[PDB]
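Undergrad: Below is the structure I would like to discuss, written out as structure tokens.
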Amino acid sequence: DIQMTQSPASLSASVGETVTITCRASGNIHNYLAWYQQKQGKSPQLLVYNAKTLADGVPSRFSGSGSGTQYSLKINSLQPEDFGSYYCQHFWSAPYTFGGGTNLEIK
Amino acid sequence: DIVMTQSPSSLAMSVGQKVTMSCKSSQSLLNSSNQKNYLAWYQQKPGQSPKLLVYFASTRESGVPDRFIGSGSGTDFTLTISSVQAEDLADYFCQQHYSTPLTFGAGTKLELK
Amino acid sequence: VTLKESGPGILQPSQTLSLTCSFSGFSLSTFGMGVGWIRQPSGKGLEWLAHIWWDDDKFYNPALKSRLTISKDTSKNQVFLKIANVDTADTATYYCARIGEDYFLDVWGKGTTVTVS
Amino acid sequence: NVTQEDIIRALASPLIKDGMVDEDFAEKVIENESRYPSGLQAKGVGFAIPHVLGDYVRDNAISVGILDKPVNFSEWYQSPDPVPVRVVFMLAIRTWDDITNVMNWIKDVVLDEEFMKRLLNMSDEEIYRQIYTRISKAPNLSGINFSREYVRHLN
Amino acid sequence: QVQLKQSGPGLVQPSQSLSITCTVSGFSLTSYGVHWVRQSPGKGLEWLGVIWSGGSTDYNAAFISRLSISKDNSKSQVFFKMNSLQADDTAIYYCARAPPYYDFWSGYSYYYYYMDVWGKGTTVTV
Ligand SMILES: *[C@@H]1O[C@H](CO)[C@@H](O)[C@H](O)[C@H]1NC(C)=O
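Written out as structure tokens, the structure is:
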């Protein structure tokens, strides 16, 4: 199958901490995963173009890496206004199944 | 046209030793690897056999076993299969491959005496 | 650039749902961009429903048991997301989004709310 | 566990499904594979052109299979040496003029490694877009069918 | 079991044309090629223009300075025939088979331009 998974389901950190989120596929991605962030009550805004590339001028704090079936999004240091829900999608099989998603909380 | 030439005019042969002949032309080499040529065997009567050598490898048919393949560069050549019995045939004529005119050269022939 | 959506509010289980997109400067005369729809049940994550590429073709999420049939126009880029039967689990926000070049979801709308009674 | 068996049928499937070939196209292709060195690998990244040039075809089409794990095919020029192939270009061509036109286009595809590179790390959609664009921009090959169902990143 | 048989006139003076028919049996004319070559005792062998016999495709004229007028190289499903109006030289007679497949890395044409199995020939005099 092509089912996507994502973890940790729920994580929290204070302002200034480094955060890593893991996204995995049962198949093979070949560097087509992209991440984006949803604010509560608003539509998501595109965050990266690909695992390794910055999108639409968003802060350089957002970056990521991965290969094969293992990809991650990394934030070097959380700033105000970066908290919310993170999602990942792959451009492989047409049914672009979503990962579970993570909620990054203020704590 | 493309120049084709042989070095020997004829060669003496006996049962023993090897018989050496060579062939020159403007160019037979290809850029995408490989080389294209062919040396023909002619029985004096039918003259029907370029089939014994394809490119620089033994032919598709049985041909003659252990046929020797010479240089793979601009100048081609061949030896008979060490000592041969054969008969005094025009065992080789060198022809151009990879050329629309497909010019033919002169034969060599074997001579017993 | 700008994407707005329209559709019904409260539906009965036996009714057909129809949802459409409205774009301003987005053009579908080039291969570079397609359009698709994303469902989000309240309190849950996002689920991909379907999309249509510039080359007129159609892909559906097999988890919907072929209940979704989609036509795409060229006038007002209407994509209807017709669902033959709306169950009581299908209570969700529906978003229209551009695929863009590569897999860049650059343009998202605000979403409609689909509920049951 | 990848071999030559069912690669030909896997790529023939969208042609029989669409109806561009007559009945068991894949078997006729395999018969030509058995008798001839269709590989023509000629490079570190093996290239192949399994094909039939007879009738049993309703129209001309190109079907491109992508193999992540190689399967050797007989080499051309000197057939005894097998060479592994990663990218398989199946051609259903009639009238002969199109087989030359297709091979010339393919030569302009295999050469210039920047295209040949990364071909194994692109989705079915990206491969479709690239091949479609390169065919439509060719001076010839108009009228030959190509679609999403004719691209398989795996198998 | 697989043969090329040649027949045609000899003793042909310049006032009469030369026409030679090569009957092909065992080497189907929908798959294999057929090439023609001249072999005089006094000059060496030379290449004549041919049509590929795997389908009457793309006649390749050879030696334009040696090309005859109205050289048809007619191909039937049973036999192939060559003709030349002048018949002003001798020993124009070998028929040979060419490999039935493609020269994938050729720099000018996709046929091999290689002769494999030769026929018996004829005797051509002026
Ligand atoms: C393909 O070729 C390589 C190199 O000769 C060889 O090691 C390998 O076994 C071949 N593949 C198969 C399936 O035999």
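Protein chains in written order, with PDB author numbering: chain C, 1 to 107; chain L, 1 to 113; chain B, 2 to 118; chain D, 3 to 157; chain H, 1 to 126. Note that CB positions come from ideal geometry on N, CA and C, so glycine has one too.
(1) From what residue to what residue does the beta strand (DSSP E) around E128 (chain D) run?
(2) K30 (chain D) lies in the alpha helix (DSSP H); which residues open and close that run?
(3) Distance cutoff 7 Å, beta carbons only. Does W78 (chain D) sit that close to anything in chain H?
(4) Would you tell me roughly how many angstroms separate the C-alpha atoms of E25 (chain D) and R154 (chain D), rounded to the nearest one?
(5) Leaving out the 5 sequence neighbours to the left and right, which residues in its chain are closer than 6 Å to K71 (chain D) when beta-carbon positions are compared?
(6) Have a look at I81 (chain L) and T20 (chain L) and give me their C-alpha separation to the nearest angstrom.
(7) Evaluate the contact criterion for the stretch 3-21 of chain C versus the stretch 68-77 of chain C: three or more CB pairs, one atom per stretch, below 8 Å.
(8) Taking Cβ positions only, does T102 (chain D) come closer than 7 Å to chain H?
(9) State the Cα-Cα distance for the pair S56 (chain H) and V78 (chain H), rounded to the nearest angstrom.
(10) From which residue to which residue does the alpha helix (DSSP H) around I108 (chain D) run?
(11) Report buried or exposed for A44 (chain D), applying the criterion of at least 16 other Cβ atoms within 10 angstroms of its Cβ.
(12) Can you grab the Cα-Cα spacing for the pair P9 (chain B) / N147 (chain D), in whole Å?
(13) Out of C:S26, C:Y36, C:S72, which one is the CA nearest neighbour of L47 (chain B)?
(14) Below 6 Å, is the gap between the Cβ of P82 (chain D) and the nearest heavy atom of ligand 1?
(15) Please report whether the beta-carbon of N31 (chain L) lies at a distance below 7 Å from any beta-carbon of chain D.
(16) Closest Cβ-Cβ distance between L112 (chain L) and chain H: below 7 Å?
(17) Is it buried or exposed for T3 (chain B), if we count other Cβ within 10 angstroms and need 16 for buried?
(18) Pick from D:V59, D:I32, D:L93, D:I108: whose alpha carbon is nearest that of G21 (chain D)?
(19) According to DSSP, is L29 (chain L) helix, strand or coil?
(20) Figure out for me which residue from D:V112, D:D61, D:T135, D:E127 has the closest Cα to the Cα of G46 (chain D).
(21) Can a CB atom of chain D be found closer than 7 Å to the CB of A57 (chain L)?
(22) Would you mind reading off the limits of the alpha helix (DSSP H) that contains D20 (chain D)?
(23) In the structure shown, what three-state DSSP assignment does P63 (chain B) receive?
(24) For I64 (chain H), does the three-state DSSP call read helix, strand or coil?
(25) Is the beta carbon of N62 (chain B) within less than 6 Å of some heavy atom of ligand 1?
(26) For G112 (chain B), which option in B:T94, B:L29, B:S118 has the closest C-alpha, if you only look at C-alpha atoms?
(27) For chain D, find out if any of its Cβ atoms is closer than 7 Å to the Cβ of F104 (chain H); answer yes or no.
(28) What does residue 215 (chain H) touch in chain L if you count any residue whose Cβ is under 9 Å from its own?
(29) Does any CB atom of chain C fall closer than 7 Å to the CB of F105 (chain B)?
(30) Flag this pair as yes or no: are the beta carbons of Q38 (chain C) and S7 (chain C) separated by less than 7 Å?
(31) Compare the Cα-Cα distances from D56 (chain B) to each of B:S72, B:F32, B:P63, B:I39 and report the closest residue.
(32) When you measure from the CB of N74 (chain D) to every non-hydrogen atom of ligand 1, does any distance come out below 6 Å?
(33) Taking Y38 (chain D) as the reference, which of H:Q16, H:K75, H:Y101, H:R38 has the closest Cα?
(34) Can you give the Cα-Cα distance for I2 (chain L) and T122 (chain H), rounded to whole angstroms?
(35) Drop a sphere of 10 angstroms on the beta-carbon of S99 (chain L), count the other beta-carbons inside from all chains shown, and report buried for 16 or more, exposed for fewer.
(36) Using a Cβ cut-off of 7 Å (strictly closer), state whether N123 (chain D) contacts chain C.
TA: Considering the structure as presented:
(1) Counting along the chain, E128 (chain D) falls outside any beta strand (DSSP E), though it belongs to the alpha helix (DSSP H) covering 126-138.
(2) 27-37
(3) yes
(4) 21 Å
(5) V4
(6) 10 Å
(7) yes
(8) yes
(9) 13 Å
(10) 99-112
(11) buried
(12) 41 Å
(13) C:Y36
(14) no
(15) no
(16) no
(17) exposed
(18) D:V59
(19) strand
(20) D:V112
(21) yes
(22) 9-20
(23) helix
(24) helix
(25) no
(26) B:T94
(27) yes
(28) For chain H, the structure presents residues 1 to 126; residue 215 (chain H) sits outside this window and is missing.
(29) yes
(30) no
(31) B:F32
(32) yes
(33) H:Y101
(34) 28 Å
(35) buried
(36) yes
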